[PDB]
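Here is the structure we will look at, set down as structure tokens.
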Amino acid sequence: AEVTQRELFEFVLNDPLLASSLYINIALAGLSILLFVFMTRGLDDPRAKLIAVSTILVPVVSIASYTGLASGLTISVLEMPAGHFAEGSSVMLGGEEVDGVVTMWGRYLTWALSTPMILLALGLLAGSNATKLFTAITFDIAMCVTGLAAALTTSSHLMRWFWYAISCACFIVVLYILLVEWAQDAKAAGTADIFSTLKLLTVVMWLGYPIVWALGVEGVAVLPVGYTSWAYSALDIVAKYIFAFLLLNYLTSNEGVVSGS
Amino acid sequence: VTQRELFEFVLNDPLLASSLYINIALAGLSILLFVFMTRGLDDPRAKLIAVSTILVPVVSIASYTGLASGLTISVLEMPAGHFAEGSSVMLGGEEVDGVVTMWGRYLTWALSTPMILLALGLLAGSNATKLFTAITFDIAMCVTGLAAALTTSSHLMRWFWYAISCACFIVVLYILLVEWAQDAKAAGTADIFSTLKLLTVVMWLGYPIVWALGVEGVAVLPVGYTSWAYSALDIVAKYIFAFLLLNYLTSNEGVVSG
Amino acid sequence: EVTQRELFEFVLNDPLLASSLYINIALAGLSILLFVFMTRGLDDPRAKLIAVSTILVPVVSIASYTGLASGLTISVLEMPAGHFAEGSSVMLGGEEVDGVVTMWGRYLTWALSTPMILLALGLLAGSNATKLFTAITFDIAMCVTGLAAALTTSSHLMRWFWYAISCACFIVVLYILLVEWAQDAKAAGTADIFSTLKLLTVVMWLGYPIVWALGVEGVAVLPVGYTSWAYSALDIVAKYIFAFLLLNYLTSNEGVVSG
Ligand SMILES: CCCCCCCCCO[C@@H]1O[C@H](CO)[C@@H](O)[C@H](O)[C@H]1O
Ligand SMILES: CCCCCCCCCO[C@@H]1O[C@H](CO)[C@@H](O)[C@H](O)[C@H]1O
Ligand SMILES: *C/C=C(C)/C=C/C=C(C)/C=C/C1=C(C)CCCC1(C)C
Ligand SMILES: *C\C=C(C)/C=C/C=C(C)/C=C/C1=C(C)CCCC1(C)C
Ligand SMILES: *C\C=C(C)/C=C/C=C(C)/C=C/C1=C(C)CCCC1(C)C
Ligand SMILES: [Br-]
Ligand SMILES: [Br-]
Ligand SMILES: [Br-]
Ligand SMILES: [Br-]
Ligand SMILES: [Br-]
Ligand SMILES: [Br-]
């Protein structure tokens with residue numbers, strides 16, 4: 001590994017766009033954790049608290065994920081394959097010019113850890129049975145891991161996009177459960193309004209990621225590294241922080257509705 | 001060596017490329033077929049079994065792609081005394097010491113078997129305790145096997161990892177063939193387990209036997225034959241076996257429901 | 001480009017390192033035997049589930065310690081400026097090498113074994129699913145963020161930030177085990193054994209973050225050799241004896257936990 005972790009860390013700092021897209025989220029994730037733990041202090045029902053802890057875990061994983069990226073621990077320099085729209089790039093790391101693209105794979109590694117929690121909270125709010133919850137979660141993880149594999153794949157351009165297509169198929173499974181299955185389960189659960197709201201927000205925001213992947217450096221490359229990074233951090237601010245705040249706003253005011261068992 | 005160089009090593013070699021790309025394609029077709037076959041299930045418990053099984057070829061088309069792209073393939077120099085020691089291969093167009101190691105296979109098993117196990121356990125009316133015990137040791141088995149494959153410091157260490165792993169294997173096989181076959185009687189599903197009993201014992205024992213005999217073990221099977229031995233097993237386990245389980249599940253939805 | 005073969009030889013020919021690692025392999029091995037023996041009497045599925053979660057602990061340990069012993073889970077890393085271990089060197093093969101022999105494999109031991117002992121202590125206390133889900137997730141986040149700290153070499157300050165995140169997660173777990181579960185056990189019938197262990201718990205669970213901060217990963221008052229025995233000493237207490245005291249109570253009180 002020619003490029004050191006210190007060097008990548010230094011490249012992030014010194015790069016205004018990059019460093020801000022990263023450090024701003026370590027900050028917002030921390031404040032989110034503090035606000036969430038405070039908002040839910042009055043919950044007592046175990047099923048209501050399971051929804052609150054899973055929610056809270058989202059920014060908890062987020063602050064760790066971004067610290068991994070900012071430290072350089074979860075960043076690597078890869079060389080795109082022939083034909084990849086970003087093939088032939090250089091990053092100027094340390095003092096020399098290194099071939100390749102600064103790859104922030106750390107985003108994928110942790111999405112596989114935070115998104116299931118989001119899914120678990122939304123399934124429970126909707127009063128979902130174990131089967132649909134297992135189906136939503138297992139495919140979500142697969143969607144995130146194949147995403148991480150595509151980003152990590154440098155041997156073949158066509159391979160990169162094959163991983164991507166596998167990931168989309170797994171994505172549609174989750175989407176179908178959100179829009180079709182849980183939408184209906186929410187009625188019987190008495191949480192229709194809030195679910196339909198959070199459901200529409202989820203579908204809209206989540207669609208943003210595979211769009212950014214395809215337009216950013218890892219895909220067709222119209223967005224340079226610094227910009228795809230901000231595209232991902234901005235989706236994160238809504239998809240994770242504001243979204244979790246909204247779900248917890250309902251829960252903390254309607255404990256009785258989801259209290260069941 | 002480079003990822004692309006490994007990717008090209010697999011393409012360009014009929015034995016290797018076939019042992020991998022064929023698994024990618026059959027896994028793809030099996031996901032469709034499995035989703036199709038089960039389009040009619042209605043019971044939640046049955047459906048859990050069907051999705052857990054469907055995940056088998058999903059994990060397979062993904063993990064094999066990891067291998068074919070070279071992402072999960074690596075080159076390792078075997079320890080002194082190992083029967084494959086002093087091997088070399090030619091990758092970046094040059095003599096590279098070591099053996100191409102498809103460590104991605106352990107990922108495939110560590111992720112798909114927990115799913116087939118969950119499916120079988122539920123089918124057998126297993127309680128939580130035996131389901132847990134089986135899945136945990138099944139995973140410890142798959143991972144210690146991986147450890148064995150990646151160990152290059154000592155020849156004896158690899159075999160010690162193997163012993164650790166085989167131990168976890170009998171724990172899993174025991175509940176699979178013995179415990180669950182017995183629980184299935186009360187669940188009204190004893191027959192699917194006896195019909196697939198020989199198929200199950202042969203394919204499962206098939207993996208630790210291929211290890212010992214292939215490049216990772218005593219090496220009477222070269223890298224390419226080692227790849228095809230594991231691949232022919234996977235084809236049986238991830239596709240035909242899963243199909244059989246699914247074929248039964250669909251005909252017995254009501255009873256598996258309760 | 002140090003090899004796994006050189007790391008394996010480094011541990012051997014290094015008395016302290018070799019014994020801290022090899023004594024644990026041996027002790028975890030017997031444990032699996034002794035624990036299998038002590039619990040062959042069990043019949044209750046709930047008592048047995050608790051029994052196997054606990055047996056999985058020494059299994060995880062003998063396997064993870066073998067990873068370390070084999071060199072598989074060891075690496076040489078260079079510490080960042082200001083770090084007390086920065087500027088370290090180690091003899092590997094036929095040349096001097098910058099860095100610190102990093103036993104990152106230990107974090108995989110804790111990440112995989114602790115959720116089991118937590119799933120054994122929770123069920124033993126009668127814990128509902130919410131607490132059991134909390135304690136373990138934050139426990140896992142703790143183990144993984146600790147590794148991140150150990151794996152971070154770009155910034156001295158970042159290591160301690162990672163260590164602070166890990167420590168906060170650590171607080172959630174200790175609050176569940178010491179307080180919540182302590183209460184739940186009263187309605188479980190198993191409040192007395194939960195007490196004593198809870199006491200040994202505090203001391204040993206705290207022992208880890210204290211060692212981290214004082215060993216080569218922290219301010220390094222303890223060299224690589226001593227941090228390893230420090231952790232190995234703690235694992236003996238938690239993975240074997242603690243597991244023994246737990247099983248000793250279980251197998252002599254299957255009626256109380258039965259259900
Ligand atoms: C810029 C300053 C930051 C201000 C943040 C204010 C958010 C506080 C929201 O309060 C919480 O609302 C819940 C109902 O939804 C109540 O149950 C709970 O008791 C109450 O504490
Ligand atoms: C079912 C999904 C599997 C996808 C398999 C993709 C195989 C594509 C092989 O492409 C070729 O690779 C060579 C490298 O060896 C290049 O030199 C050559 O220019 C390129 O055209
Ligand atoms: C906190 C993060 C969130 C909610 C992330 C969501 C991410 C996705 C929905 C990602 C999806 C992708 C695909 C469907 C295709 C391949 C690439 C990915 C991983 C970007
Ligand atoms: C994909 C389907 C199945 C049934 C896979 C089974 C895998 C095993 C039984 C693997 C076993 C191993 C053992 C027992 C010993 C060390 C090496 C292996 C991991 C190959
Ligand atoms: C193997 C058994 C036990 C009980 C292990 C416990 C481990 C911890 C409590 C580890 C804690 C850490 C913290 C809080 C901070 C970062 C570094 C550590 C991972 C060592
Ligand atoms: Br609770
Ligand atoms: Br994340
Ligand atoms: Br269902
Ligand atoms: Br399988
Ligand atoms: Br049992
Ligand atoms: Br433990």
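What follows draws every value from the coordinates through simple rules; no lab data is involved. When we count neighbours, we look across all protein chains shown, and the Cβ atoms used for this are built from the backbone with ideal geometry, even at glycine.
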*Residues located in the stretch B:69-111, provided they are on the phi < 0 side of the Ramachandran plot, within 14 Å of chain A (Cβ to nearest Cβ) and not hydrophobic (A, V, I, L, M, F, W, C)*: B:69, B:72, B:74, B:92, B:104, B:108
*Provide a single number: the residues in the stretch A:92-120 that are among the small types (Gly, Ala, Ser) and under 15 Å from the mean Cα position of the chain (by Cα).*
3
*Assuming residue A:72 fulfils every condition listed in (1) without any contact (Cβ under 8 Å) to a residue 60 or more places away in the chain; (2) over 30 Å from residue B:51 (Cα atoms); (3) buried (at least 23 other Cβ atoms within 10 Å of the Cβ); (4) away from ligand 7 (no atom under 15 Å from the Cβ) apart from one, which condition is it?*
(1)
_Filtered residues of the stretch B:170-195 (kept if in contact (Cβ under 8 Å) with a residue 24 or more places away in the chain and more than 17 Å from residue B:255 (Cβ to Cβ))_ = B:171, B:172, B:173, B:175, B:176, B:177, B:179
*Could you say which residue among A:220, A:204, A:212 is among the β-branched types (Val, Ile, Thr), more than 14 Å from chain B (Cβ to nearest Cβ), in a helix (DSSP H, G or I) and within 22 Å of residue A:18 (Cβ to Cβ)?*
A:212
*Working only within the stretch B:28-45, note down all residues that are within 9 Å of chain A (Cβ to nearest Cβ), of a type in the set (A, V, I, L, M) and either touching a residue at least 40 places away in the same chain (Cβ under 8 Å) or touching a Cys at 6+ places or on another chain (Cβ under 6 Å) (or both).*
none
*Please go through the stretch C:133-167 and pick out each residue that is touching a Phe, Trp or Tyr at 6+ places or on another chain (Cβ under 9 Å) and over 25 Å from residue A:74 (Cα atoms).*
C:135
_Condition first: part of a helix (DSSP H, G or I), of a type in the set (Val, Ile, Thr) and in contact with a helix residue (DSSP H, G or I) (Cβ under 9 Å, 6 or more places away or on another chain). Now tell me which residues in the stretch B:176-201 satisfy that._
B:192, B:195, B:200, B:201
*So, in the stretch A:42-89, of the ones that are β-branched (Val, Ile, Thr) and over 24 Å from residue C:139 (Cβ atoms), which residue ends up nearest to ligand 1 (Cβ to nearest atom)?*
A:75
*What do you reckon, is residue C:225 part of a helix (DSSP H, G or I), among the small types (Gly, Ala, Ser) and free of Cβ contacts under 8 Å to residues at least 12 places away in the same chain?*
no
*Which of the residues that make up the stretch B:46-64 are away from ligand 4 (no atom under 16 Å from the Cβ) and either under 27 Å from residue B:22 (Cα atoms) or away from every other protein chain (no Cβ under 11 Å) (or both)?*
B:49, B:50, B:51
*asked:* Checking the conditions here, which among A:118, A:137 is part of a helix (DSSP H, G or I), within 14 Å of chain B (Cβ to nearest Cβ) and among the hydrophobic types (A, V, I, L, M, F, W, C)?
replied: A:137
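Could you say which residue among A:113, A:109, A:198 is among the hydrophobic types (A, V, I, L, M, F, W, C) and within 16 Å of ligand 1 (Cβ to nearest atom)?
One residue alone meets the criteria, A:198.
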*Residue that is farthest from ligand 6 (Cβ to nearest atom) [pool: residues in the stretch C:97-149 that are more than 25 Å from residue C:185 (Cβ to Cβ) and without any contact (Cβ under 8 Å) to a residue 24 or more places away in the chain]*: C:98
